[PDB]
Structures are given as C-alpha cells and as structure tokens.
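Participant: After the structure tokens below, expect a handful of questions from me.
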Amino acid sequence: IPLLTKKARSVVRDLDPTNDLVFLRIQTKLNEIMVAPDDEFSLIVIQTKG
Amino acid sequence: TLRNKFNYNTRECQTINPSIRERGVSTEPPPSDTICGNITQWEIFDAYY
C-alpha cells in the first residue's frame with residue numbers, strides 16, 4: 001500500500017508542484033481502500049462497500 | 001721470420017651491447033560503476049525551491 005501511495009503522490013505532484021497529497025481513496029470491486037498520508041506517519045483503512 | 005711484432009699488429013675490438021632483460025607490464029582501465037537516475041518535475045522543483 002505505501003508504494004502505491006508514494007507513486008500516487010507523485011502523479012498528483014507532477015500536475016502541480018505546490019499541491020501535496022492530502023488524502024487518497026482507491027475503491028476496488030469488493031472492497032474500498034482509504035489511505036491518509038503525512039510525512040511523519042501514514043494511516044490506511046480498508047472498509048467493505050455497503 | 002717475415003712476420004714481425006712491428007710488421008703485424010693484432011688488436012681485439014668489441015661493440016658495447018646492453019644486457020637483454022624480460023619485463024611484464026599489465027594495464028587495466030579505471031573501474032566503472034552503474035548509476036540509475038530518475039528525474040520528476042516535483043523533485044526538480046524541490047531542489048529549485
């Protein structure tokens with residue numbers, strides 16, 4: 001998960017350098033993945049779609 | 001009797017020759033290393049910033 005977020009952060013970063021990732025949410029067919037990224041720590045929560 | 005010390009003079013002449021020598025020399029080019037560099041707009045901006 002962190003490798004995807006780092007790659008995802010760069011994708012957001014390429015379009016605007018000043019803009020920095022605040023929150024990223026990936027929704028799979030059977031599950032929803034939410035990752036909150038900070039320099040000190042990263043919080044990842046997996047919640048099944050209702 | 002005809003040959004005389006004054007009549008015939010013998011001189012020995014030689015040419016200086018450098019002594020032959022055997023030497024082995026090995027040359028090997030400077031060590032080369034593999035370098036991988038990835039450049040992104042944000043990374044360039046961060047250094048610039």
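The way I read the labels, and the way they are meant: chains A, B, ... in the order of the structure tokens, residue 1 as the first residue of every chain, and ligand 1 as the first ligand shown, with later ones counted on from there.
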May I have the residues within 10 Å of residue 41 (chain B) as a compact mmCIF listing (two decimals) with N, CA, C and O atoms, in the first residue's frame, using only C-alpha atoms and disregarding those fewer than 2 positions away in the same chain?
Facilitator:
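Wrote result35.txt, looks like this:
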```txt
# COMPACT_ATOMS: atom_id res chain seq x y z
N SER A 10 3.20 11.20 -6.36
CA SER A 10 3.98 11.79 -7.48
C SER A 10 3.03 12.17 -8.63
O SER A 10 3.21 13.25 -9.21
N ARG A 13 1.57 15.22 -7.74
CA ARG A 13 2.71 16.16 -7.67
C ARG A 13 3.12 16.65 -9.07
O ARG A 13 3.47 17.83 -9.20
N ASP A 14 3.09 15.77 -10.08
CA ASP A 14 3.53 16.18 -11.44
C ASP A 14 2.64 17.31 -11.98
O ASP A 14 3.20 18.29 -12.50
N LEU A 15 1.32 17.20 -11.81
CA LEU A 15 0.40 18.24 -12.37
C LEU A 15 0.67 19.60 -11.72
O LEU A 15 0.79 20.59 -12.47
N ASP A 16 0.78 19.65 -10.39
CA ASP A 16 1.08 20.94 -9.69
C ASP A 16 2.14 20.69 -8.61
O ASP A 16 1.86 19.91 -7.69
N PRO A 17 3.33 21.33 -8.67
CA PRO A 17 4.37 21.11 -7.67
C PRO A 17 3.96 21.56 -6.26
O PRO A 17 4.26 20.85 -5.31
N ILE B 39 14.34 11.39 -12.76
CA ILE B 39 14.05 12.84 -12.57
C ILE B 39 12.54 13.08 -12.75
O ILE B 39 11.98 12.61 -13.76
N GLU B 43 10.55 16.73 -8.00
CA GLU B 43 11.92 16.61 -7.45
C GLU B 43 12.77 17.79 -7.95
O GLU B 43 13.48 18.38 -7.12
N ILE B 44 12.64 18.13 -9.23
CA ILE B 44 13.42 19.27 -9.81
C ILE B 44 12.98 20.55 -9.10
O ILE B 44 13.85 21.35 -8.71
N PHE B 45 11.66 20.71 -8.91
CA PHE B 45 11.10 21.91 -8.23
C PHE B 45 11.58 21.96 -6.78
O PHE B 45 11.94 23.05 -6.31
N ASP B 46 11.61 20.80 -6.10
CA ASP B 46 12.01 20.77 -4.67
C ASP B 46 13.45 21.27 -4.52
O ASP B 46 13.69 22.11 -3.64
```
Participant: Write out as a ChimeraX atom specification which residues come within 10 Å of region 32-44 of chain A when counting only C-alpha atoms, dropping same-chain ones fewer than 6 positions away.
Facilitator: /A:1-2,5-6,9,20-26,50
Participant: Could you write those residues out with C-alpha atoms, as a tab-separated table (two decimals), in the first residue's frame?
Facilitator:
```tsv
chain	number	residue	atom	x	y	z
A	1	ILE	CA	0.00	0.00	0.00
A	2	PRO	CA	2.70	2.66	0.82
A	5	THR	CA	0.58	5.93	-2.32
A	6	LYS	CA	4.14	7.21	-2.99
A	9	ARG	CA	1.51	11.17	-4.59
A	20	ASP	CA	0.71	17.92	-1.97
A	21	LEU	CA	-1.36	14.74	-1.35
A	22	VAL	CA	-3.90	15.34	1.49
A	23	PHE	CA	-5.99	12.12	1.23
A	24	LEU	CA	-6.21	9.23	-1.32
A	25	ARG	CA	-9.09	6.70	-1.68
A	26	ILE	CA	-8.99	3.62	-4.02
A	50	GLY	CA	-22.12	-1.16	1.68
```
Participant: Enumerate the residues of chain B with a DSSP assignment of helix (DSSP H, G or I), computed from the backbone, and present them as a list in words.
Facilitator: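 Filtering chain B down to helix (DSSP H, G or I) leaves residues 41, 42, 43, 44, 45, 46, 47 and 48 of chain B.
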Participant: Residues of the last selection are to be written out with N, CA, C and O atoms, as a PDB file, in the first residue's frame.
Facilitator:
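As a result, part-v2.pdb now contains:
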```
ATOM      1  N   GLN B  41       9.215  16.210 -12.139  1.00  0.00           N
ATOM      2  CA  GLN B  41       9.004  17.683 -12.071  1.00  0.00           C
ATOM      3  C   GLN B  41       9.030  18.142 -10.610  1.00  0.00           C
ATOM      4  O   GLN B  41       9.689  19.159 -10.327  1.00  0.00           O
ATOM      5  N   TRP B  42       8.375  17.396  -9.711  1.00  0.00           N
ATOM      6  CA  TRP B  42       8.342  17.788  -8.276  1.00  0.00           C
ATOM      7  C   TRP B  42       9.756  17.753  -7.675  1.00  0.00           C
ATOM      8  O   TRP B  42      10.106  18.709  -6.957  1.00  0.00           O
ATOM      9  N   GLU B  43      10.545  16.725  -7.999  1.00  0.00           N
ATOM     10  CA  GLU B  43      11.923  16.609  -7.453  1.00  0.00           C
ATOM     11  C   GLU B  43      12.766  17.790  -7.947  1.00  0.00           C
ATOM     12  O   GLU B  43      13.484  18.385  -7.123  1.00  0.00           O
ATOM     13  N   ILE B  44      12.645  18.131  -9.233  1.00  0.00           N
ATOM     14  CA  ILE B  44      13.417  19.272  -9.810  1.00  0.00           C
ATOM     15  C   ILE B  44      12.975  20.555  -9.098  1.00  0.00           C
ATOM     16  O   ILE B  44      13.850  21.353  -8.710  1.00  0.00           O
ATOM     17  N   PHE B  45      11.663  20.710  -8.906  1.00  0.00           N
ATOM     18  CA  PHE B  45      11.100  21.907  -8.233  1.00  0.00           C
ATOM     19  C   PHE B  45      11.575  21.957  -6.778  1.00  0.00           C
ATOM     20  O   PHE B  45      11.938  23.048  -6.312  1.00  0.00           O
ATOM     21  N   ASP B  46      11.611  20.804  -6.105  1.00  0.00           N
ATOM     22  CA  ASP B  46      12.012  20.767  -4.671  1.00  0.00           C
ATOM     23  C   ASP B  46      13.451  21.268  -4.523  1.00  0.00           C
ATOM     24  O   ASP B  46      13.689  22.111  -3.635  1.00  0.00           O
ATOM     25  N   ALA B  47      14.365  20.806  -5.382  1.00  0.00           N
ATOM     26  CA  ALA B  47      15.773  21.261  -5.318  1.00  0.00           C
ATOM     27  C   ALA B  47      15.819  22.760  -5.626  1.00  0.00           C
ATOM     28  O   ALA B  47      16.518  23.502  -4.909  1.00  0.00           O
ATOM     29  N   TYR B  48      15.049  23.173  -6.636  1.00  0.00           N
ATOM     30  CA  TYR B  48      14.960  24.588  -7.085  1.00  0.00           C
ATOM     31  C   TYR B  48      14.377  25.438  -5.954  1.00  0.00           C
ATOM     32  O   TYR B  48      14.883  26.550  -5.707  1.00  0.00           O
TER      33      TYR B  48
END
```
Participant: How many Å separate CA of residue 45 (chain A) from CA of residue 27 (chain A)?
Facilitator: 11.7 Å
Participant: Between A:18, A:3, A:49, A:29, single out the one closest to chain B, counting only C-alpha atoms.
Facilitator: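 Among A:18, A:3, A:49, A:29, it is A:18 that comes nearest to chain B.
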Participant: Name the closest residue to chain B among the candidates A:12, A:46, A:30, A:4; distances are taken between atoms, counting only C-alpha atoms.
Facilitator: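 Comparing A:12, A:46, A:30, A:4 against chain B, the winner is A:12.
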Participant: Which distance in Å separates CA of residue 40 (chain B) and CA of residue 28 (chain A), to one decimal?
Facilitator: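 The value is 28.3 Å.
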Participant: Apply DSSP to the backbone of this structure and, from chain A, keep only the residues in strand (DSSP E or B); write these as JSON, numbers by chain.
Facilitator: {"A": [24, 25, 26, 27, 32, 33, 34, 35, 36, 37, 42, 43, 44, 45, 46, 47]}
